[PDB]
Amino acid sequence: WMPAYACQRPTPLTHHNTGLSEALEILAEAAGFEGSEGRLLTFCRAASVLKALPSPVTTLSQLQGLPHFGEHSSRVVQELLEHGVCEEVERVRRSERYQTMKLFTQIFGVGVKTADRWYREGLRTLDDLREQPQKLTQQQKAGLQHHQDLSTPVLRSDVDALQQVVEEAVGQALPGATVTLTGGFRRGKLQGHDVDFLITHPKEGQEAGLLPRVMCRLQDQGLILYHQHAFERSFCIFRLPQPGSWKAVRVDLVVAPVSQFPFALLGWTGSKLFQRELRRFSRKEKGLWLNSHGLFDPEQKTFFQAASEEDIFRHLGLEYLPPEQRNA
DNA sequence: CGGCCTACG
DNA sequence: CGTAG
DNA sequence: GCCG
Ligand SMILES: [Cl-]
Ligand SMILES: [Mg+2]
Ligand SMILES: [Mg+2]
Ligand SMILES: [Mg+2]
Ligand code: NA
């Protein structure tokens, strides 16, 4: 009664097993910091199964038969049910390795590999990093200078204001181009740590060269605190107005041709785990190769045309899930 | 045991 | 290496 | 870590 892939079941944003899923997610995150992507995936998948259940797990019996629950994830849940805490989870939470890797990887421009190297060198705090700016990229310098603002949640109210300013620049860059809110806010989140936008134009080909024109215009309006500069994804830090001041916010801008827009919308709406699971399902169960540009049949050597996300779910033999049910 | 999503900057 | 969902 |  519980399918094995997250793309085969609705997952709402709020659910009935929040504490259990959060614990499993700590173990997933810690596995990622050690480079164990397989263990990360299993703990993420097990967490997501609990998000999709219709009521709280109250007894270990209720895990029997659920996919992605083996000895380890079951023991975590058992300890939480019996004692309200899991010793392994709490040991990870208080560990210097976990806390420092979490802090470093949260920096824009720093991934697991950089964070791990800094950890092995003995670095532990952001001020440690600030004291040797020679070992930092321009991107990392920006991420470090803006880290405090970037750690503050972006509210839905902030999103609406940002969308209007992006639409103004996009309209001058290319009249008729459109801006669609994606990522977590499209799935119904009330907060986030960034804002994701997808830009297209109804006339195929007109979107070529668009993103540099949009970036130049936002830069000229004084709104860009940082960006990496032909391109189609821009990872920016924007100046967002606040009462009597402003704050830095991460904004991602993506361009797609309208022929690819359903695939880009699907990919950029997420969740991350939902999309990994959907691509895994496509390839392993249907023999089709999915990305944010299209869906390829490698036997016929043809690309599926899609005019909607609904088309893509139908192509893959899956019941449609609206964005609010993709919170795997 | 092999596999674990698949891109772009 | 970083980034994204 | 789990699935097939
Ligand atoms: Cl692993
Ligand atoms: Mg986002
Ligand atoms: Mg983003
Ligand atoms: Mg992210
Ligand atoms: Na980072």
Side-chain angles (χ1 to χ4, degrees), chain A residues 2-7 24 27-28 30-32 34-49 63 65-70 72-76 88 104-118 136-137 139-143 181-187 189 192-198 211-212 215 226-227 230-237 250-256 260 263-285 288-296 323 326-328:
Chain A
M2 172 75 62
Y5 291 86
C7 57
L24 291 163
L27 301 183
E34 300 319 304
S36 319
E37 194 73 4
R39 294 184 337 113
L40 174 150
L41 275 171
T42 282
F43 285 127
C44 282
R45 291 165 180 166
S48 80
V49 164
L63 301 178
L66 295 179
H68 312 292
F69 277 90
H72 197 149
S73 304
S74 296
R75 186 206 87 229
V76 172
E88 182 186 8
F104 285 173
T105 59
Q106 281 175 350
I107 299 173
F108 182 66
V110 179
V112 173
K113 287 179 178 101
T114 301
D116 175 68
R117 179 176 76 248
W118 288 345
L136 298 178
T137 64
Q139 185 179 44
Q140 285 164 358
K141 286 178 177 166
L181 178 64
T182 67
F185 288 105
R186 183 171 183 248
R187 304 199 305 278
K189 292 183 74 188
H193 292 298
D194 53 85
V195 193
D196 306 290
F197 292 115
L198 176 61
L211 203 45
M215 290 314 304
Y226 168 90
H227 78 117
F231 52 103
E232 65 207 43
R233 302 173 180 188
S234 290
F235 318 119
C236 311
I237 302 176
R250 277 277 296 107
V251 178
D252 295 327
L253 304 180
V254 186
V255 174
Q260 298 179 7
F263 298 99
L265 180 64
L266 178 63
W268 281 87
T269 295
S271 74
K272 175 173 168 174
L273 178 64
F274 187 94
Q275 299 294 318
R276 293 173 77 153
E277 292 276 289
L278 184 67
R279 293 171 185 200
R280 190 171 65 98
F281 178 89
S282 183
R283 172 183 284 270
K284 304 298 183 182
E285 304 304 327
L288 302 178
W289 301 348
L290 180 65
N291 67 20
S292 76
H293 307 138
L295 180 61
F296 185 70
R326 305 180 200 159
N327 286 291

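Below, read A as the first sequence line, B as the second, and so on, with proteins coming before strands; counting in each chain starts at 1. When reading the values below, keep in mind they use all heavy atoms of this one structure, side chains included, and skip hydrogens, waters and symmetry mates.
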Describe the nucleic acid contact of [X] in one word from base, sugar-phosphate, nothing, applying a heavy-atom distance below 4.0 Å.
X: A:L273; value: nothing
X: A:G111; value: sugar-phosphate
X: A:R326; value: nothing
X: A:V254; value: nothing

[X] side-chain proximity, nearest of [options]:
X: A:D196; options: C:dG5, B:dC5, C:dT3; result: C:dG5
X: A:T42; options: B:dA7, D:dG1, C:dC1; result: D:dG1
X: A:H72; options: C:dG2, D:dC2, B:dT6; result: D:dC2
X: A:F235; options: C:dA4, C:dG5, B:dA7; result: C:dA4
X: A:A4; options: D:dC2, C:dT3, D:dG4; result: D:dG4
X: A:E232; options: C:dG5, B:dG9, C:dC1; result: B:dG9
X: A:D252; options: B:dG3, C:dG2, C:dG5; result: C:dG5
X: A:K272; options: C:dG5, C:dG2, B:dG3; result: C:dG5

Interatomic distance, [X] [atom1] vs [N] [atom2] [rounded to whole Å]:
X: A:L27; N: D:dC2; atom1: CG; atom2: P; answer: 11 Å
X: A:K141; N: C:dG2; atom1: NZ; atom2: P; answer: 17 Å
X: A:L66; N: D:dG1; atom1: CG; atom2: P; answer: 19 Å
X: A:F185; N: C:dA4; atom1: CZ; atom2: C1'; answer: 16 Å
X: A:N291; N: C:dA4; atom1: CG; atom2: P; answer: 18 Å
X: A:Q275; N: B:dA7; atom1: CD; atom2: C1'; answer: 12 Å
X: A:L41; N: D:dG4; atom1: CG; atom2: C1'; answer: 16 Å
X: A:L265; N: C:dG5; atom1: CG; atom2: P; answer: 14 Å

Base of B:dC5, side chain of A:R279 - is there a donor-acceptor contact under 3.5 Å?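 When only heavy-atom distances are counted, A:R279 does reach the base of B:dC5 through a donor-acceptor pair under 3.5 Å.
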
Taking only side-chain nitrogens and oxygens of [X], does any of them come within less than 4.0 Å of OP1 or OP2 of [N]?
X: A:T137; N: C:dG2; result: no
X: A:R233; N: B:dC8; result: no
X: A:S282; N: B:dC5; result: no
X: A:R250; N: C:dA4; result: yes
X: A:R283; N: B:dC4; result: no

- Query: Any salt bridge between A:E37 and A:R276, counting N to O under 4.0 Å?
  - Reply: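 Yes, charged N to carboxylate O under 4.0 Å.
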
Practice item. Output yes when A:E34 and A:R39 qualify as a salt bridge under the 4.0 Å nitrogen-oxygen rule, no when they do not. Key: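 Looking at A:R39 together with A:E34, the answer is no, because their closest N to O distance does not fall below 4.0 Å.
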
* Taking for each residue the nucleotide of DNA chain B bearing the nearest heavy atom, is the 5' side occupied by A:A230 or by A:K284? ->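 Its nearest nucleotide lies further toward 5', so the answer is A:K284.
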
Requested in this report: Answer yes if the ring centres of A:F43 and A:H72 are under 6.0 angstrom apart, and no otherwise.
Outcome: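 Yes, the ring centres sit under 6.0 Å apart.
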
Between A:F235 and A:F108, is the ring centroid distance below 6.0 Å?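 A:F235 vs A:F108: aromatic centres not under 6.0 Å.
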
(Q) Can you give me the closest heavy-atom contact between A:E88 and A:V76, atom names plus distance? (A)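 That closest heavy-atom pairing would be OE1-CG2, 4.4 Å.
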
*asked:* Taking B:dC8 as the reference, what is the distance to D:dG1 when you measure between their P atoms (whole Å, please)?
replied: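 Those two atoms are separated by 33 Å.
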
Is the A:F296 ring parallel, tilted or perpendicular to the A:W289 ring (thresholds 30°, 60°)?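 A:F296 vs A:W289 ring planes: tilted.
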
- Message: I'd like to know if the side chain of A:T105 reaches the main chain of A:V112, judged simply by a donor and an acceptor atom lying under 3.5 Å from each other, with no hydrogens or angles considered.
- Response: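 No: the side chain of A:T105 does not pair with the backbone of A:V112.
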
